[PDB]
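A.B. asks: Sharing a structure, written as structure tokens. Questions coming.
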Amino acid sequence: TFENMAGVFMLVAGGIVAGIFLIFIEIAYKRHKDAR
Amino acid sequence: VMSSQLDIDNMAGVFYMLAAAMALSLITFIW
Amino acid sequence: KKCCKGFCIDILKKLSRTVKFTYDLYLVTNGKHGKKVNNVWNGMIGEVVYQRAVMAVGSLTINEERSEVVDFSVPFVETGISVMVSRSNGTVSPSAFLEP
Amino acid sequence: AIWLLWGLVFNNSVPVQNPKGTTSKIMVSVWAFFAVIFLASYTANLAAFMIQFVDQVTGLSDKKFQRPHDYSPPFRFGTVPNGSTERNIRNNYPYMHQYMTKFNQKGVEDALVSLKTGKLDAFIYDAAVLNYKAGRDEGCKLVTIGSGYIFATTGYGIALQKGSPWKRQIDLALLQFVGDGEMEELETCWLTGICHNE
Amino acid sequence: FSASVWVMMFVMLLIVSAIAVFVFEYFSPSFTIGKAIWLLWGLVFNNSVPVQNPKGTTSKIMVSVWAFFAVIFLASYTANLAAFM
Amino acid sequence: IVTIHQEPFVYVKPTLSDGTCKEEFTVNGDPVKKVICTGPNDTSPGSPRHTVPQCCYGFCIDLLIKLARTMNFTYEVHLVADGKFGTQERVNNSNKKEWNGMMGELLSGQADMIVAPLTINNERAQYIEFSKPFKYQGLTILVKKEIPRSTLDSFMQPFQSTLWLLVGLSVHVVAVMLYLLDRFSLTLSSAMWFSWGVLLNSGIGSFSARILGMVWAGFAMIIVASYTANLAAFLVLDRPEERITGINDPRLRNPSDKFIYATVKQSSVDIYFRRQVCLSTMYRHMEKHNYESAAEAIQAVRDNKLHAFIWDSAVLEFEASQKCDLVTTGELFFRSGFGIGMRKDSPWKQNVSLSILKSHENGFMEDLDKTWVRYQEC
Amino acid sequence: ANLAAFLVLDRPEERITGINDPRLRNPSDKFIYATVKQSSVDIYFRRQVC
Ligand SMILES: O=C(O)[C@H]1CN(CCCP(=O)(O)O)CCN1
Ligand SMILES: *[C@@H]1O[C@H](CO)[C@@H](O)[C@H](O)[C@H]1NC(C)=O
Ligand SMILES: *[C@@H]1O[C@H](CO)[C@@H](O)[C@H](O)[C@H]1NC(C)=O
Ligand SMILES: *[C@@H]1O[C@H](CO)[C@@H](O)[C@H](O)[C@H]1NC(C)=O
């Protein structure tokens with residue numbers, strides 16, 4: 001409709017993309033630590 | 001101060017979505 | 001001279017339909033209402049005491065000291081000791097997900 | 001069975017796996033229709049039953065005024081000194097005056113701005129002046145406490161002379177005016193700020 | 001009822017579904033085409049029976065948090081539809 | 001002294017076999033004063049009236065006792081033989097203006113001072129002098145407020161019940177279309193089981209099948225969203241009819257048989273209603289339902305006979321506080337006060353006025369209101 | 001429930017109900033309104049001196 005839902009979508013989208021990036025690098029680090 | 005119910009426009013919307021589904025099915029069949 | 005308008009003046013205008021006389025309005029420059037100080041009255045009470053005002057209407061309040069000195073008619077505007085409380089916004093104080 | 005029943009009453013159940021039932025449980029699954037109808041009705045009722053405590057002091061003799069220690073936020077009442085209010089409260093509430101002296105104000109406008117800011121929980125003054133100020137206050141957040149709860153309710157009247165041959169007609173004229181309904185027009189556009197709140 | 005402009009949210013959902021499929025494919029080190037779209041369209045609203053997400057070990061578990069935004073959007077849509085009639 | 005029987009102010013009760021009444025105590029333990037009151041045995045007319053001694057008490061009795069103590073008075077409480085306040089009435093030789101009831105009793109010389117709830121009126125003041133009122137209150141409207149209930153009997157769709165058949169047909173056609181798509185890529189009932197289970201979540205279950213599932217999933221939320229919206233729209237509604245906003249309520253301006261309301265008698269309320277002659281049709285219906293006493297009127301209102309009752313608000317608020325089944329509507333209108341009926345030649349005007357003002361200033365009125373008229377709320 | 005309660009609310013302020021609108025009876029700087037000149041509207045407003 002207006003800035004309300006668009007802004008909440010932008011917030012959740014930024015959150016989810018940052019989360020997937022950080023979780024990818026953290027999962028790589030965790031795998032490296034487990035398989036040292 | 002009105003309550004109403006599912007008017008004719010709801011039937012129009014359900015007919016529109018049914019027509020879209022039929023068109024998609026026909027396109028997939030002809031693919 | 002000054003142009004006088006107000007609620008009490010409008011009441012006087014309405015009463016003029018029955019009194020049908022001439023009314024001159026005065027003003028007291030010594031205090032506002034006055035009280036019994038050294039057995040001397042001031043304000044409207046003092047003005048009435050010395051026969052300087054046959055009829056007096058100034059939204060005076062009614063106390064236990066003016067009734068003996070002077071007589072007044074039936075009151076027309078309600079007054080008294082009231083308490084003002086700020087309005088409180090509504091809430092969900094009744095137990096949610098329970099009977100309410 | 002218990003897990004399935006409590007996972008089908010509401011749809012927010014992740015641990016749902018009903019592959020054991022071949023055909024018999026398939027028709028048992030139709031209770032989810034009643035479950036979702038009940039959930040929708042409950043949600044709608046909860047949403048619709050929260051669209052809404054105005055006055056509780058109902059007088060000056062309540063324990064709230066005389067016992068401020070029973071509540072964590074201390075009460076902050078206000079009266080104009082050197083007036084009739086102190087004389088009225090001394091002869092009836094000797095103990096309340098000691099706590100009342102802790103909060104004094106030098107003007108009605110100070111009381112109004114304190115109430116607007118919220119620095120005072122309540123204020124006490126003449127009934128007519130208080131009602132006028134509440135009516136002509138922006139925001140309509142100030143109002144008196146109902147009607148008939150006035151501690152010492154009196155009137156104004158008109159002062160006359162002792163033995164003056166005018167009371168016998170003045171009182172009759174005032175009663176006729178108040179009976180015929182000649183005060184509503186004055187009240188509508190003389191002392192009426194809002195008079196409507198919810 | 002909702003989406004007054006109607007030309008931005010209906011493509012926003014498409015692009016976020018596409019980027020979800022893309023990141024699911026990137027998370028390869030089950031089927032990208034056959035599972036990501038079904039999961040995305042079954043998690044937007046909770047009334048989906050065909051839901052089975054056992055292939056994702058840990059990577060998809062955090063991807064599941066988009067259901068929070070999905071249910072918030074569903075609740076807002078339902079409330080707006082109920083209040084605008 | 002002649003007094004009218006008003007429940008919030010005068011509690012007329014029969015005496016015992018010893019000639020007196022029982023001795024009780026209030027909530028604070030103070031002894032409640034009681035005075036023997038003389039009045040007719042039967043209030044209703046057409047009965048063998050007997051002037052048996054009763055024992056009436058209440059609110060005004062304490063004020064009367066205080067006045068007697070402070071003013072050398074010896075009071076003799078009496079009851080009205082007619083039960084009405086008394087105003088002008090027309091009898092044989094209708095060119096005579098003679099009062100009846102309490103006012104006529106006072107003017108006959110039998111009564112000297114009257115302590116009872118009597119609204120100040122210009123006509124009464126033209127012949128009977130009045131002192132300062134006990135308090136200040138107007139008159140309101142009493143209505144019955146029963147417990148609200150959900151009147152949503154439309155379990156299914158409100159109208160056009162064919163929607164269920166339509167959605168069932170849609171389920172059937174999408175099921176058979178899925179069967180056809182599977183044939184053109186799942187034999188007897190798996191597709192219909194899946195179509196039922198997607199709507200009713202229980203865990204039941206090439207490219208054309210994908211788009212079929214997508215469109216069916218999109219359509220699934222439509223029904224539940226519409227049902228929730230309809231339920232919310234039905235639930236946002238006040239089941240009881242709107243309460244009376246005051247004298248200017250439009251439904252009151254148009255009398256009708258479905259909503260009957262009337263006064264009691266020719267008391268001050270009737271005079272107040274008659275004075276403003278713009279509601280000509282109001283008296284065409286109000287005069288058809290007048291009762292004998294306020295007790296009978298409130299009993300009829302409680303018995304679901306009268307939809308509304310008009311009387312002094314001091315009684316209605318007390319009744320609402322005492323019994324949690326009646327509520328008062330409207331803010332206020334025609335505000336007035338009480339008074340004491342005394343003759344113009346009585347020299348006890350200034351004394352009574354000063355005593356009443358002193359008692360009101362000294363907090364006596366507040367204590368009396370708290371002890372008698374102010375009780376627990378609902 | 002909270003979303004529905006927030007959504008059942010008129011975002012714009014209530015429109016003017018007429019001459020007897022309480023907000024019009026109390027002039028303020030936030031809501032300014034006036035006539036044009038001494039035309040018939042001014043005379044009509046001046047006639048009722050309350
Ligand atoms: O009639 C009157 O003389 C005045 C008397 N005023 C006394 C105010 C006393 P406080 O300032 O509230 O302590 C009230 C208005 N009427
Ligand atoms: C009241 O009078 C006293 C005089 O003793 C004065 O000191 C005080 O400031 C006055 N109060 C107000 C609010 O002006
Ligand atoms: C009247 O009052 C006086 C007190 O001033 C008292 O002495 C006297 O006995 C009283 N008279 C009667 C008849 O009670
Ligand atoms: C009571 O009235 C009498 C006149 O009958 C008068 O003499 C007396 O002074 C009055 N009482 C008081 C306290 O003034």
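Residues in the structure tokens are numbered from 1 in each chain, the chains being A, B, ... in the order shown, and ligands are numbered from 1 in the order shown.
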Applying 9 Å and only C-alpha atoms, which residues near residue 70 of chain C remain after dropping the ones on its own chain fewer than 5 positions away? List them as a list in words.

C.D. replies: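 Residues meeting the cut-off are residues 45, 48 and 49 of chain C; 159, 160, 161 and 162 of chain D.
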
A.B. asks: Neighbours of ligand 4 within 9 Å, counting only C-alpha atoms and all ligand atoms, as a PDB file with N, CA, C and O atoms, in the first residue's frame?

C.D. replies:
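File produced: part10.pdb:
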ATOM      1  N   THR F  70     -31.461  21.208  67.733  1.00  0.00           N
ATOM      2  CA  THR F  70     -30.850  22.531  67.709  1.00  0.00           C
ATOM      3  C   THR F  70     -31.861  23.670  67.663  1.00  0.00           C
ATOM      4  O   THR F  70     -31.450  24.834  67.706  1.00  0.00           O
ATOM      5  N   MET F  71     -33.164  23.379  67.576  1.00  0.00           N
ATOM      6  CA  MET F  71     -34.162  24.428  67.407  1.00  0.00           C
ATOM      7  C   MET F  71     -35.383  24.239  68.305  1.00  0.00           C
ATOM      8  O   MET F  71     -36.452  24.774  67.996  1.00  0.00           O
ATOM      9  N   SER F 346     -44.804  31.702  58.727  1.00  0.00           N
ATOM     10  CA  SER F 346     -43.991  30.967  59.688  1.00  0.00           C
ATOM     11  C   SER F 346     -42.706  31.736  59.977  1.00  0.00           C
ATOM     12  O   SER F 346     -41.964  32.065  59.044  1.00  0.00           O
ATOM     13  N   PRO F 347     -42.409  32.041  61.240  1.00  0.00           N
ATOM     14  CA  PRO F 347     -41.181  32.772  61.571  1.00  0.00           C
ATOM     15  C   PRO F 347     -39.935  31.906  61.681  1.00  0.00           C
ATOM     16  O   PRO F 347     -38.925  32.380  62.207  1.00  0.00           O
ATOM     17  N   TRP F 348     -39.974  30.663  61.205  1.00  0.00           N
ATOM     18  CA  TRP F 348     -38.852  29.736  61.306  1.00  0.00           C
ATOM     19  C   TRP F 348     -38.128  29.581  59.972  1.00  0.00           C
ATOM     20  O   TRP F 348     -37.679  28.492  59.614  1.00  0.00           O
ATOM     21  N   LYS F 349     -38.008  30.674  59.217  1.00  0.00           N
ATOM     22  CA  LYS F 349     -37.329  30.616  57.927  1.00  0.00           C
ATOM     23  C   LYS F 349     -35.824  30.812  58.085  1.00  0.00           C
ATOM     24  O   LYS F 349     -35.025  29.986  57.628  1.00  0.00           O
ATOM     25  N   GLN F 350     -35.423  31.912  58.728  1.00  0.00           N
ATOM     26  CA  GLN F 350     -34.002  32.204  58.886  1.00  0.00           C
ATOM     27  C   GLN F 350     -33.308  31.150  59.738  1.00  0.00           C
ATOM     28  O   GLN F 350     -32.184  30.735  59.428  1.00  0.00           O
ATOM     29  N   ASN F 351     -33.958  30.705  60.818  1.00  0.00           N
ATOM     30  CA  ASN F 351     -33.364  29.675  61.665  1.00  0.00           C
ATOM     31  C   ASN F 351     -33.107  28.395  60.879  1.00  0.00           C
ATOM     32  O   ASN F 351     -32.013  27.822  60.949  1.00  0.00           O
ATOM     33  N   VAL F 352     -34.106  27.937  60.121  1.00  0.00           N
ATOM     34  CA  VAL F 352     -33.961  26.704  59.355  1.00  0.00           C
ATOM     35  C   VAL F 352     -32.890  26.859  58.284  1.00  0.00           C
ATOM     36  O   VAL F 352     -32.067  25.959  58.078  1.00  0.00           O
ATOM     37  N   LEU F 354     -30.261  28.910  58.236  1.00  0.00           N
ATOM     38  CA  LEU F 354     -28.940  28.946  58.852  1.00  0.00           C
ATOM     39  C   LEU F 354     -28.521  27.569  59.349  1.00  0.00           C
ATOM     40  O   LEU F 354     -27.367  27.165  59.172  1.00  0.00           O
ATOM     41  N   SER F 355     -29.445  26.834  59.974  1.00  0.00           N
ATOM     42  CA  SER F 355     -29.112  25.501  60.469  1.00  0.00           C
ATOM     43  C   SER F 355     -28.750  24.560  59.325  1.00  0.00           C
ATOM     44  O   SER F 355     -27.783  23.796  59.425  1.00  0.00           O
TER      45      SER F 355
END

A.B. asks: Please measure the separation of atom CA of residue 71 of chain E and atom CA of residue 51 of chain E, giving the value in Å to one decimal.

C.D. replies: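 Here the two named atoms are 15.9 Å from each other.
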
A.B. asks: Within 9 Å of segment 34-39 of chain F, counting only C-alpha atoms, which residues qualify if same-chain residues fewer than 4 places away don't, as an mmCIF file with N, CA, C and O atoms, in the first residue's frame?

C.D. replies:
data_model
loop_
_atom_site.group_PDB
_atom_site.id
_atom_site.type_symbol
_atom_site.label_atom_id
_atom_site.label_comp_id
_atom_site.auth_asym_id
_atom_site.auth_seq_id
_atom_site.Cartn_x
_atom_site.Cartn_y
_atom_site.Cartn_z
ATOM 1 N N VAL F 12 -40.638 3.168 55.183
ATOM 2 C CA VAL F 12 -41.854 2.880 55.936
ATOM 3 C C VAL F 12 -41.971 1.373 56.120
ATOM 4 O O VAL F 12 -42.084 0.624 55.144
ATOM 5 N N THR F 15 -44.683 -1.939 62.363
ATOM 6 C CA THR F 15 -44.140 -2.117 63.700
ATOM 7 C C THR F 15 -44.348 -3.558 64.165
ATOM 8 O O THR F 15 -44.954 -4.385 63.478
ATOM 9 N N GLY F 19 -45.469 -2.459 69.880
ATOM 10 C CA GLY F 19 -45.700 -1.062 69.586
ATOM 11 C C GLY F 19 -44.500 -0.311 69.051
ATOM 12 O O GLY F 19 -44.645 0.858 68.667
ATOM 13 N N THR F 20 -43.325 -0.934 69.013
ATOM 14 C CA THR F 20 -42.109 -0.305 68.519
ATOM 15 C C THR F 20 -41.509 -1.170 67.417
ATOM 16 O O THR F 20 -42.076 -2.190 67.017
ATOM 17 N N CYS F 21 -40.346 -0.753 66.929
ATOM 18 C CA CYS F 21 -39.628 -1.456 65.875
ATOM 19 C C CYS F 21 -38.316 -2.015 66.413
ATOM 20 O O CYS F 21 -37.859 -1.664 67.505
ATOM 21 N N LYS F 22 -37.714 -2.899 65.624
ATOM 22 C CA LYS F 22 -36.461 -3.525 66.013
ATOM 23 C C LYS F 22 -35.320 -2.513 65.976
ATOM 24 O O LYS F 22 -35.374 -1.495 65.279
ATOM 25 N N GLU F 23 -34.273 -2.805 66.743
ATOM 26 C CA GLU F 23 -33.100 -1.946 66.843
ATOM 27 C C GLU F 23 -31.934 -2.618 66.131
ATOM 28 O O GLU F 23 -31.480 -3.690 66.547
ATOM 29 N N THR F 43 -51.807 1.679 51.531
ATOM 30 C CA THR F 43 -51.520 2.828 50.680
ATOM 31 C C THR F 43 -52.545 2.958 49.558
ATOM 32 O O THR F 43 -52.982 4.069 49.234
ATOM 33 N N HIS F 50 -56.870 2.398 57.915
ATOM 34 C CA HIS F 50 -56.721 2.508 59.361
ATOM 35 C C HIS F 50 -55.425 3.242 59.663
ATOM 36 O O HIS F 50 -54.380 2.927 59.086
ATOM 37 N N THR F 51 -55.494 4.219 60.570
ATOM 38 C CA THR F 51 -54.332 5.036 60.921
ATOM 39 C C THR F 51 -53.518 4.329 62.007
ATOM 40 O O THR F 51 -53.369 4.798 63.137
ATOM 41 N N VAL F 52 -52.985 3.168 61.638
ATOM 42 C CA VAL F 52 -52.130 2.391 62.531
ATOM 43 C C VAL F 52 -50.764 3.062 62.601
ATOM 44 O O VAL F 52 -50.338 3.700 61.627
ATOM 45 N N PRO F 53 -50.050 2.966 63.724
ATOM 46 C CA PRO F 53 -48.718 3.581 63.809
ATOM 47 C C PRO F 53 -47.669 2.717 63.121
ATOM 48 O O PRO F 53 -47.545 1.523 63.404
ATOM 49 N N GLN F 54 -46.915 3.329 62.214
ATOM 50 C CA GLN F 54 -45.814 2.668 61.535
ATOM 51 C C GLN F 54 -44.490 3.135 62.137
ATOM 52 O O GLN F 54 -44.455 3.892 63.111
ATOM 53 N N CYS F 55 -43.384 2.679 61.550
ATOM 54 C CA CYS F 55 -42.037 3.040 62.001
ATOM 55 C C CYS F 55 -41.203 3.322 60.752
ATOM 56 O O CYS F 55 -40.630 2.408 60.153
ATOM 57 N N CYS F 56 -41.144 4.593 60.364
ATOM 58 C CA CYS F 56 -40.466 5.018 59.149
ATOM 59 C C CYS F 56 -39.154 5.709 59.498
ATOM 60 O O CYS F 56 -39.080 6.474 60.466
ATOM 61 N N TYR F 57 -38.119 5.426 58.712
ATOM 62 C CA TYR F 57 -36.794 5.985 58.936
ATOM 63 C C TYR F 57 -36.100 6.142 57.590
ATOM 64 O O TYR F 57 -36.651 5.793 56.541
ATOM 65 N N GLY F 58 -34.880 6.674 57.622
ATOM 66 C CA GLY F 58 -34.111 6.833 56.404
ATOM 67 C C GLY F 58 -33.118 7.977 56.416
ATOM 68 O O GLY F 58 -32.295 8.090 57.328
ATOM 69 N N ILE F 61 -34.657 11.690 58.294
ATOM 70 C CA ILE F 61 -34.944 11.582 59.720
ATOM 71 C C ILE F 61 -33.793 12.139 60.548
ATOM 72 O O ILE F 61 -34.012 12.794 61.573
ATOM 73 N N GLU F 76 -43.655 15.540 64.981
ATOM 74 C CA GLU F 76 -44.636 14.457 64.919
ATOM 75 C C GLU F 76 -44.787 14.066 63.453
ATOM 76 O O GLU F 76 -45.528 14.711 62.705
ATOM 77 N N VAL F 77 -44.085 13.009 63.045
ATOM 78 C CA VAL F 77 -44.070 12.606 61.644
ATOM 79 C C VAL F 77 -45.409 11.984 61.270
ATOM 80 O O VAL F 77 -45.952 11.146 62.002
ATOM 81 N N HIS F 78 -45.953 12.403 60.129
ATOM 82 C CA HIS F 78 -47.211 11.889 59.614
ATOM 83 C C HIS F 78 -47.032 11.504 58.151
ATOM 84 O O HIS F 78 -46.135 11.996 57.462
ATOM 85 N N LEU F 79 -47.893 10.606 57.682
ATOM 86 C CA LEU F 79 -47.851 10.116 56.313
ATOM 87 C C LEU F 79 -48.993 10.710 55.500
ATOM 88 O O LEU F 79 -50.067 11.009 56.030
ATOM 89 N N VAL F 80 -48.746 10.880 54.201
ATOM 90 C CA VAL F 80 -49.754 11.439 53.308
ATOM 91 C C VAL F 80 -50.889 10.439 53.136
ATOM 92 O O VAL F 80 -50.658 9.253 52.867
ATOM 93 N N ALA F 81 -52.126 10.916 53.293
ATOM 94 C CA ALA F 81 -53.283 10.047 53.117
ATOM 95 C C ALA F 81 -53.552 9.730 51.652
ATOM 96 O O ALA F 81 -54.224 8.735 51.360
#

A.B. asks: Hey, what's within 12 Å of segment 23-30 of chain B if we count only C-alpha atoms and toss same-chain stuff fewer than 6 positions away? As a ChimeraX atom specification, please?

C.D. replies: /B:16-17 /F:174,177-178,180-185,206-215

A.B. asks: Using only C-alpha atoms and all ligand atoms, what are the residues with an atom within 10 Å of ligand 3, set out as an NGL selection string?

C.D. replies: :F and (68-74)

A.B. asks: With N, CA and C atoms retained, could you export that selection as a short mmCIF file (atom, residue, chain, number, x, y, z; two decimals), in the first residue's frame?

C.D. replies:
data_model
loop_
_atom_site.label_atom_id
_atom_site.label_comp_id
_atom_site.auth_asym_id
_atom_site.auth_seq_id
_atom_site.Cartn_x
_atom_site.Cartn_y
_atom_site.Cartn_z
N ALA F 68 -34.53 19.42 65.25
CA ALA F 68 -35.30 19.44 66.48
C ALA F 68 -34.40 19.67 67.69
N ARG F 69 -33.24 19.02 67.72
CA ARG F 69 -32.31 19.20 68.83
C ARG F 69 -31.78 20.62 68.89
N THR F 70 -31.46 21.21 67.73
CA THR F 70 -30.85 22.53 67.71
C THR F 70 -31.86 23.67 67.66
N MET F 71 -33.16 23.38 67.58
CA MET F 71 -34.16 24.43 67.41
C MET F 71 -35.38 24.24 68.31
N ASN F 72 -35.25 23.49 69.40
CA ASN F 72 -36.32 23.34 70.40
C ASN F 72 -37.60 22.78 69.78
N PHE F 73 -37.45 21.90 68.79
CA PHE F 73 -38.60 21.36 68.08
C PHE F 73 -38.97 19.98 68.59
N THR F 74 -40.28 19.70 68.61
CA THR F 74 -40.83 18.39 68.94
C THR F 74 -41.64 17.93 67.74
#
